[PDB]
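Heads up: the structure comes next, in structure tokens.
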Amino acid sequence: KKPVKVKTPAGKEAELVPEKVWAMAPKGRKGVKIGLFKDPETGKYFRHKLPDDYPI
DNA sequence: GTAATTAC
DNA sequence: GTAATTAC
């Protein structure tokens with residue numbers, strides 16, 4: 001639910017709340033966290049790395 | 001190559 | 001079915 005600074009497919013930076021988040025690694029095993037985002041301007045979906053202590 | 005996830 | 005998301 002924490003907003004994140006991401007670059008959109010339109011090439012603008014924005015502070016968005018990811019629609020869905022997860023860590024890319026087996027459950028309990030640690031890896032990079034990824035968010036699914038949606039661009040308010042283009043409507044396009046995109047993914048972006050999340051900050052490491054991001055609440056999953 | 002692949003981890004997890006999913007829009008397309 | 002594929003590529004997008006980073007990092008190993």
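No hydrogens, no waters, no symmetry mates; every other heavy atom, side chains included, goes into these values. Here is the naming used below: chain letters follow the sequence lines, and residue numbers restart at 1 for every chain.
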For atom [atom1] of [X] and atom [atom2] of [N], their distance in whole Å:
| X | N | atom1 | atom2 | value |
| --- | --- | --- | --- | --- |
| A:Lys38 | B:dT5 | NZ | P | 22 Å |
| A:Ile34 | B:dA3 | CD1 | P | 14 Å |
| A:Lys33 | B:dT6 | NZ | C1' | 20 Å |
| A:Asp52 | C:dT6 | CG | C1' | 11 Å |
| A:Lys49 | C:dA4 | NZ | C1' | 15 Å |
| A:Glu19 | B:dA4 | CD | P | 21 Å |
| A:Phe37 | B:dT5 | CZ | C1' | 14 Å |

Minimum-distance nucleotide to [X] side chain [options: [options]]:
| X | options | result |
| --- | --- | --- |
| A:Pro26 | B:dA3, B:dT5, C:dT5 | B:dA3 |
| A:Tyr45 | B:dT6, B:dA7, B:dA4 | B:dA7 |
| A:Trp22 | B:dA4, B:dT6, C:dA7 | B:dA4 |

Heavy-atom closest pair (A:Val21 atom, A:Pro55 atom, distance to 0.1 Å) is CG2-O, 4.3 Å

Need the pucker for C:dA3. North if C1'-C2'-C3'-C4' is positive, south if negative.
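Sugar pucker of C:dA3 - south, given that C1'-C2'-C3'-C4' is below zero.
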
Does A:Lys33 use its side chain to pair, donor to acceptor, with the backbone of A:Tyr54 at less than 3.5 Å?
yes

Could you tell me whether A:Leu36 contacts a base, only the sugar-phosphate backbone, or nothing, with contacts defined as non-hydrogen atoms closer than 4.0 Å?
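The residue A:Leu36 makes sugar-phosphate contact but no base contact.
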
Min side-chain heavy-atom separation A:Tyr45-A:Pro9 under 4.5 Å
no

Do B:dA3 and B:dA4 stack, judged by ring centres under 5.5 Å and ring planes under 30°?
no

Planes under 30° and centres under 5.5 Å for C:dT5 and C:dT6:
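When the rule is applied to C:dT5 and its neighbour C:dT6, the answer comes out as no.
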
Return no unless some side-chain N or O of A:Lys44 is found under 4.0 Å from OP1 or OP2 of B:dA7.
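For B:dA7, neither OP1 nor OP2 has a side-chain N or O of A:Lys44 closer than 4.0 Å.
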
Does a nitrogen or oxygen in the side chain of A:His48 sit under 4.0 Å from OP1 or OP2 of C:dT6?
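Checking A:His48 against C:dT6: at least one side-chain N or O falls below 4.0 Å of OP1 or OP2.
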
Verify the neighbour count for atom NZ of A:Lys12: are there more than 12 heavy atoms of other residues, nucleotides or ligands below 6.0 Å?
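Not more than 12 within 6.0 Å, no.
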
Relative to the ring of A:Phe37, is the ring of A:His48 parallel (under 30°), tilted (30 to 60°) or perpendicular (over 60°)?
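Aromatic pair A:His48/A:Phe37 classed perpendicular.
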
